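Engineer: What follows is a single structure, and I will ask about it in a moment.
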Amino acid sequence: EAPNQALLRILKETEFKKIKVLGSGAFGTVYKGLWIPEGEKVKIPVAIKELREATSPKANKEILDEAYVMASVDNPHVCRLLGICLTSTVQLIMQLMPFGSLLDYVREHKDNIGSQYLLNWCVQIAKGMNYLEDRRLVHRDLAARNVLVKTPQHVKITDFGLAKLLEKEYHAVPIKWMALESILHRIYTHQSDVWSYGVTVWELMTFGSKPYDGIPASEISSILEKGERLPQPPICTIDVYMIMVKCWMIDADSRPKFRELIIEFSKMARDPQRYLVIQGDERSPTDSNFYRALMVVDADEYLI
Amino acid sequence: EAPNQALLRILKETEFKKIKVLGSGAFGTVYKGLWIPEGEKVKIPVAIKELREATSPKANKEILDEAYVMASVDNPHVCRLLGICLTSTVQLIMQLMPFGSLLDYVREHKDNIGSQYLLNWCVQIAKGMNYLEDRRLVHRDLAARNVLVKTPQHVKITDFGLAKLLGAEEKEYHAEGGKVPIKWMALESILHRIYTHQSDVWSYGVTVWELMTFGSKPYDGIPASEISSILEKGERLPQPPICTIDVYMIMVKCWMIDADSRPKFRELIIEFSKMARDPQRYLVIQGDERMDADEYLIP
Ligand SMILES: COc1cc(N2CCC(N3CCN(C)CC3)CC2)ccc1Nc1ncc(Cl)c(Nc2ccccc2P(C)(C)=O)n1
């Protein structure tokens, strides 16, 4: 092949600080963290994955393979891996963006978010996944909360808990955001990621409304077998919304492939106003509220 | 062009039940039913279509594309669908045309169909098909069996399982293979699998002769294979007895070999709307002097 001239930074546990916990699991747990590196004035937002136990050689094998893949990931729309840290409990530092996640952004800015932006993010999210899918990497948790805002023009999808097919499947919870075949079998393919990519665009178009809200997670299995999907967002034409219906096809192969979505979504992004209808579309970028919590330096800016 | 703000509603199959099979088909089965929107306290009678097997991705893509057209058309003479059900095998929920195909309607009632309705029914098909010509669409299976009767006064068009859309660039569409009823199709479609609206004027043509004879079998004894031969040779369908030569000439100008020689639907609307201003004059039928909610829920 080619040399994987990928770089692996070793940070010291006294450089990063765990602020609060994000997710948790049997083995492993994910925190919100601030990185203060090598005596600079800058503080960079990050998320840190910690093996819950420090002596488990099968678990320690796993957490390094993931470090391996996250460090091999070099794409503008998948988060970089800032560095690992060899405590007893091995830690991974993925970067975060200073402005926060899309969902919190889209919710806070829906009276000045435009049509060219919404369609421009669908290509960035789809570009990022087809990068991942290009690598036999399944993502298993795509959602607006896991798409971070670098600049209202650039978004990356966080890549913790990726699943390489080292083949037609790999097993492994976010019920609203999952394919039926995931709820009933806890199996994740790339086409189940397409389902997630579906629900992700829905959260975007609705300006951050909650998928299947109030409804219990035990029903979603059933109210999917029976054919209820998310409704049409108001601003969606029937061209946009057919993409979303196709992502939630019960048949997995009937679902759009990721290479297709970007073709389809940039074509619709060259005439943006023809596919999305937003009141006042014609007549602004700024800071967020996740960003207000921190007061604040992008990690892509420091390491340059 | 214009943003297509046509929405499609998604319905879970708990919101409708099927009461009666209206017909088995190669498409599959279509049922008669009541659809009670959850939330709403109306029942709306509906017709529910359900293909044989959702095994192929091609089968799914051709049912969701059939649903894309039906959902975005707002024409009075184009049967519209209410919503879709994304079950394992998807499901289509359309307004129930209570009276059947026109093909069924005019055999049962050959004894009580005056000239006014038959020419009114031809102005209505032509208006729906000129809506479809305006949306760059080719229906590709028009026939009295695919024209449904919501009321004797008002007829609508249906079954876009074979409908195909044109780009702005190409003026004609060409499929391969397929299974299409040979007796309703223009000669170029039989012979080159070419299609275009001018091939659908020919279909419209056969649809009238269907109506004008009160629902006969076109080329009845003739099997499908010979029709290419017989058309090339200049055989066409005979004159309906009810028909004047003014009216039967129009069906002739449809089965014209040259597709642009054939008449545009825009013309067909005017030519038949005049004819319905003096209907006794262009059609001759002995006796002719003598003879829950709905799509009211849409607005
Ligand atoms: C209840 O109203 C109907 C009655 C019948 N009848 C007509 C007489 C027929 N006869 C009666 C006498 N009997 C002894 C032998 C049979 C039985 C079926 C058929 C159809 C509708 N309405 C209806 N609405 C919407 C649709 Cl969308 C649809 N579609 C549809 C219905 C049936 C078959 C195919 C279709 P398609 C072309 C694929 O939509 N169909």
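The values are calculated or read from the model by the stated rules, or taken from the named source; no laboratory instrument gave them. Here the Cβ is made from the backbone with ideal geometry for all residues, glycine too, and neighbour counts use every protein chain on show.
Engineer: Has segment A:183-199 got at least one residue that is within 30 Å of A:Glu108 (Cβ to Cβ) and at the interface with chain B (Cβ under 9 Å from one of its Cβ atoms)?
Structural biologist: No - not one qualifying residue is present in segment A:183-199.
Engineer: Would you check which residues across segment A:240-253 are facing chain B (nearest Cβ under 9 Å) and assigned to a loop (DSSP other than H, G, I, E, B) and list them?
Structural biologist: Listed by number, the residues that qualify are A:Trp248, A:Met249, A:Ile250, A:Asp251, A:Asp253.
Engineer: Shifting gears a bit: Name the single residue, out of those in segment B:125-148 being away from the ligand (no atom under 16 Å from the Cβ) and not in a strand (DSSP E or B), that is nearest to the other protein chains (Cβ to nearest Cβ).
Structural biologist: Checking each candidate, the answer is B:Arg135.
Engineer: Further question: Run B:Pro37 past the list (1) under 25 Å from the mean Cα position of the chain (by Cα); (2) more than 9 Å from every other protein chain (Cβ to nearest Cβ) and report the number of the one that doesn't hold.
Structural biologist: (1)
Engineer: Could you grab me the full set of residues in segment B:87-96 that are more than 12 Å from chain A (Cβ to nearest Cβ) and either in a helix (DSSP H, G or I) or in contact with a strand residue (DSSP E or B) (Cβ under 6 Å, 6 or more places away or on another chain) (or both)?
Structural biologist: Within segment B:87-96, B:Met94, B:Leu96 meet the criteria.
Engineer: Still on this structure, I have one more. Scan (1) crowded, with 22+ Cβ neighbours inside 10 Å; (2) within 28 Å of B:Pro3 (Cβ to Cβ) for the single condition B:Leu119 breaks and write down its number.
Structural biologist: (2)
Engineer: Return the residues of segment A:106-124 that are assigned to a helix (DSSP H, G or I) and either touching a helix residue (DSSP H, G or I) at 6+ places or on another chain (Cβ under 8 Å) or not assigned by TED's automatic domain parsing to the domain that holds A:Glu260 (or both); say none if nothing qualifies.
Structural biologist: Within segment A:106-124, A:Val106, A:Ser115, A:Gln116, A:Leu118, A:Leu119, A:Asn120, A:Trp121, A:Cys122, A:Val123 qualify.
Engineer: Given the structure, is B:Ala168 in a helix (DSSP H, G or I) and away from the ligand (no atom under 16 Å from the Cβ)?
Structural biologist: no
Engineer: Give all pairs with beta carbons closer than 7 Å in which a residue from segment B:52-79 that is more than 9 Å from every other protein chain (Cβ to nearest Cβ) meets a residue that is of a type in the set (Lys, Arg) and assigned to a loop (DSSP other than H, G, I, E, B); count only pairs at least 6 apart in sequence or on separate chains.
Structural biologist: B:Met70/B:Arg80; B:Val73/B:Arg80; B:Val73/B:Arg135
Engineer: Can I ask one more? Scan segment A:23-49 for residues that are surrounded by 17 or more Cβ atoms within 10 Å (Cβ to Cβ) and over 17 Å from A:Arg80 (Cα atoms) and report the count.
Structural biologist: Summing the residues that are surrounded by 17 or more Cβ atoms within 10 Å (Cβ to Cβ) and over 17 Å from A:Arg80 (Cα atoms) in segment A:23-49 gives 2.
Engineer: While we're on this one: Return the residues of segment A:156-191 that are more than 26 Å from A:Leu64 (Cα to Cα) and surrounded by fewer than 16 Cβ atoms within 10 Å (Cβ to Cβ); say none if nothing qualifies.
Structural biologist: If the condition is that a residue be more than 26 Å from A:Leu64 (Cα to Cα) and surrounded by fewer than 16 Cβ atoms within 10 Å (Cβ to Cβ), then A:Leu184, A:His185 are the ones that fit.
Engineer: Just one of the numbered conditions (1) over 17 Å from the mean Cα position of the chain (by Cα); (2) closer than 30 Å to A:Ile19 by Cα; (3) assigned to a loop (DSSP other than H, G, I, E, B); (4) not basic (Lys, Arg) is not true of A:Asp300; which one?
Structural biologist: (3)
For every residue, the table says whether it meets (1) away from every other protein chain (no Cβ under 12 Å); (2) more than 23 Å from the chain's Cα centre (by Cα).
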| residue | (1), (2) |
| --- | --- |
| B:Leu8 | no, no |
| B:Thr14 | no, yes |
| B:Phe27 | yes, no |
| B:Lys43 | yes, yes |
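Engineer: Looking at B:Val69, B:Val78, can you tell me which residue is over 19 Å from B:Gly28 (Cβ atoms), touching a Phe, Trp or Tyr at 6+ places or on another chain (Cβ under 7 Å) and either among the β-branched types (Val, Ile, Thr) or near the ligand (Cβ under 10 Å from one of its atoms) (or both)?
Structural biologist: Answer to the check: B:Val78.
Engineer: Further question on the same structure: Only residues that are of a type outside the set (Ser, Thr, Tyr) and either over 14 Å from A:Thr286 (Cβ atoms) or surrounded by fewer than 19 Cβ atoms within 10 Å (Cβ to Cβ) (or both): list them for segment A:95-108, please.
Structural biologist: A:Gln95, A:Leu96, A:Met97, A:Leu102, A:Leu103, A:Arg107, A:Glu108
Engineer: Kindly indicate which of B:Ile182, B:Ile157, B:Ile190 is of a type in the set (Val, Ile, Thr), within 16 Å of the ligand (Cβ to nearest atom) and over 19 Å from B:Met291 (Cβ atoms).
Structural biologist: One residue alone meets the criteria, B:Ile157.
Engineer: Counting only residues that are at the interface with another protein chain (Cβ under 10 Å from one of its Cβ atoms), charged (D, E, K, R) and outside any loop (DSSP other than H, G, I, E, B), how many does segment A:214-233 have?
Structural biologist: Of the residues in segment A:214-233, 1 are at the interface with another protein chain (Cβ under 10 Å from one of its Cβ atoms), charged (D, E, K, R) and outside any loop (DSSP other than H, G, I, E, B).
Engineer: Could you say whether any residue in segment B:17-25 is within 14 Å of another protein chain (Cβ to nearest Cβ) and over 15 Å from B:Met94 (Cβ atoms)?
Structural biologist: yes
Engineer: To continue, here is another question. Residues to consider are B:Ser115, B:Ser101; find the one that is touching a strand residue (DSSP E or B) at 6+ places or on another chain (Cβ under 8 Å), within 25 Å of B:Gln153 (Cβ to Cβ) and near the ligand (Cβ under 10 Å from one of its atoms).
Structural biologist: Answer to the check: B:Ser101.
Engineer: Could you figure out which of (1) within 12 Å of another protein chain (Cβ to nearest Cβ); (2) of a type in the set (A, V, I, L, M); (3) within 12 Å of the ligand (Cβ to nearest atom); (4) part of a strand (DSSP E or B) isn't true of B:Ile84?
Structural biologist: (3)
Engineer: B:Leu237 is checked against (1) surrounded by fewer than 18 Cβ atoms within 10 Å (Cβ to Cβ); (2) in the same structural domain as B:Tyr195 (by TED's automatic domain parsing); (3) not in a helix (DSSP H, G or I); (4) not aromatic (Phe, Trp, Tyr) and fails just one. What number does that condition carry?
Structural biologist: Here B:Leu237 clears every test but (1).
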